[PDB]
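Take a look at this single chain in structure tokens; it is the form deposited in one PDB entry.
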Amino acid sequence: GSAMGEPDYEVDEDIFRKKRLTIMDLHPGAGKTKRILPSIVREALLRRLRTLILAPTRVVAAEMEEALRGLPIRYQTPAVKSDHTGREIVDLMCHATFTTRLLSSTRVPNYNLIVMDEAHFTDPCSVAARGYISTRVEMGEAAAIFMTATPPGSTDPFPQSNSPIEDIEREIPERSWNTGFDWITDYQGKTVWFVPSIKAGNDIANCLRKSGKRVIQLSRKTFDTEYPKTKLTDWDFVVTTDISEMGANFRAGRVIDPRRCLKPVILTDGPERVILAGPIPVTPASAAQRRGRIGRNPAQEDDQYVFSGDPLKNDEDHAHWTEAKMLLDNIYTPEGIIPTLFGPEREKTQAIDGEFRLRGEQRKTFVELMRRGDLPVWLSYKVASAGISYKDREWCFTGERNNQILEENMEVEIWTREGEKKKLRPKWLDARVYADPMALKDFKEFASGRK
């Protein structure tokens, strides 16, 4: 005899039709959806469709490569601007790689099926990618599938799960604690703890570690190397920023979620600048994705989501919305049309389509500052639109006095490329380049002309 197992996934013809944007949920961990993406790709190739798969992270991309083994899959790095084979091939790349290629090449294929995994990702490049994809679909040039449990527009913090979740509302430490939270450390299972910042995570992680807990920390910059370690069993806590809202699959029994985040906001009273506001409450969708780390396994029925406070849905002042438009406005198309945001996300900005469009060398510098310089979209836009070349780092030193960067109450002083010692004092302030120690380290590297 045998077990039935997951049955063959017969694909809806509708999902391949041009002008169709399908939203679906893979419900990972159940686990009864292993055959879905493979089947979609198989049927796409049967129909001779030019197919693109977009993963949120390199990690997820690699897991896809394994899942799709035996199919003509080709991973695409952002180090290459285009890669055209004479052959039937499915391109696989990160959200950001797609947007980067659209900004940097005239040779981006006319994909007529586009699959975006974790399509809720609200990083500017992901938002822009959705805008471009939805525009191509509405043009009748493509069909697309957005895969996510929380499609843009969703406002449900407590959505369906594969397995019962116990939603527990109680006070959660925002920093190191001495007593009064025994439930945190008495818990015998594995916990994923969402924190608003790396700094906050450091404090929490250190406090857990001093009590004998084994802790893995995750952030955007460290996700690539550290996440793989969570696939082993030798940990008690994952302490992570919001990055783990995007496809991270933990074998854990508990989420701890104070429902806090930092939000980049462009201020406009005086010289435009980006601050990191908060901690403030997360959106319902974010809360849902944090909660959604657990309750994935029907055989494990006692998972917990421990949270504090209610979410806040209004995020219209998030810098990512403006930054999305800065990317979109600089993506061209042979039709001569500037791509607009995905429908549900249009209400997030009152920017006029095309207003951030740059021309010629300024556009190229814009892209280089983001790719090679690893600068935020907003900051890259300000520098590029000022007519500054990539290699010209004078602007890092010629800002007003109030723009002086501090570290430990000390005024930061660095070498220029030419070998002069100057105060770090950028013409444009973006908190995302100096707030976190590691971010400031990288920005100092940039200012000194070392990349």
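One-based numbering along the sequence shown.
Below: the form solved in complex with a small molecule, not depicted.
Asks: Among the candidate stretches 395 to 403, 411 to 419, 23 to 31, 382 to 390, which one is within 4.5 Å of the small molecule in the entry with it bound when only heavy atoms are counted?
Replies: Result of the contact check: 23 to 31.
Asks: May I ask you to choose, among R251, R357, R220, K313, the residue with a heavy atom within 4.5 Å of the small molecule in the entry with it bound?
Replies: So the residue touching the small molecule in the entry with it bound, by this definition, is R251.
Asks: Quick one: of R260, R101, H318, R296, which gets a non-hydrogen atom within 4.5 angstroms of the small molecule in the entry with it bound?
Replies: After the contact test, the surviving option is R296.
Asks: Residue-level question: is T322 within 4.5 Å of the small molecule in the entry with it bound, judged on heavy atoms?
Replies: It does not: once the small molecule is placed as it appears in the entry with it bound, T322 has no heavy atom within 4.5 Å of it.
Asks: If you check in the entry with it bound, is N162 within 4.5 Å of the small molecule, heavy atoms only?
Replies: Yes - in the entry with it bound, heavy atoms of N162 and the small molecule come within 4.5 Å of each other.
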